[PDB]
Each structure stands twice: as C-alpha cells, then as structure tokens.
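Visitor: Here it is, the structure, as structure tokens.
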Amino acid sequence: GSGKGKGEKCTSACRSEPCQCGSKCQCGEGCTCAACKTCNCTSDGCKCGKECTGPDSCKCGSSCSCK
Ligand SMILES: [Cd+2]
Ligand SMILES: [Cd+2]
Ligand SMILES: [Cd+2]
Ligand SMILES: [Cd+2]
Ligand SMILES: [Cd+2]
Ligand SMILES: [Cd+2]
C-alpha cells in the first residue's frame with residue numbers, strides 16, 4: 001500500500017497539482033515525484049555514489065553532486 005503519496009520533507013508546492021515546485025522546490029529524500037526530482041546518474045550505474053540510477057530511485061533530495 002506504500003509508494004503512493006508524498007514525504008514529510010515535501011513542500012506545499014509539491015502537494016499541489018500541477019507540481020508548483022517548478023519555481024519553489026525544497027523536497028527531501030521521501031519524494032519520488034519526477035516533476036521536481038531530477039538525476040544525472042544513468043541506468044548503467046550510479047555516478048554520485050548514493051546508489052541511484054535516475055529520479056526513480058534517487059534518494060538524493062537535491063543539492064547533491066548528481067543535481
Ligand atoms: Cd515532494
Ligand atoms: Cd513534486
Ligand atoms: Cd518538489
Ligand atoms: Cd548517484
Ligand atoms: Cd541521483
Ligand atoms: Cd546524488
């Protein structure tokens with residue numbers, strides 16, 4: 001049942017639709033919302049070292065090397 005929803009570190013912007021984090025993002029790790037989450041690590045392997053391969057499994061809540 002888990003996997004649907006937002007995290008505690010989500011913004012009031014991410015909790016709006018559409019995602020208002022386009023100009024106001026501060027979401028933490030508990031956010032798999034690709035609307036505000038972006039990543040540079042590729043599917044062949046993690047590049048930053050947080051063990052992530054894209055926003056689909058990016059633990060990083062921005063402000064990281066792969067950001
Ligand atoms: Cd969020
Ligand atoms: Cd979002
Ligand atoms: Cd956000
Ligand atoms: Cd990474
Ligand atoms: Cd990442
Ligand atoms: Cd990272």
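Here, A, B, ... name the chains of the structure tokens in the order displayed, residue numbers run from 1 inside each chain, and ligands are numbered from 1 in the same displayed order.
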If we count only C-alpha atoms, what is near residue A:4 at a cut-off of 12 Å, once residues fewer than 2 positions away on the same chain are taken out, given as a list in words?
Guide: residues 1, 2, 6, 7, 30, 31, 32 and 33 of chain A
Visitor: Let me have all residues with an atom within 9 Å of ligand 6, counting only C-alpha atoms and all ligand atoms, laid out as a PyMOL selection string.
Guide: chain A and resi 39-41+46-52+58-67
Visitor: Collect all residues with atoms no farther than 12 Å from ligand 1, counting only C-alpha atoms and all ligand atoms, and output them as a PyMOL selection string.
Guide: chain A and resi 4-22+24-38+55+59-62
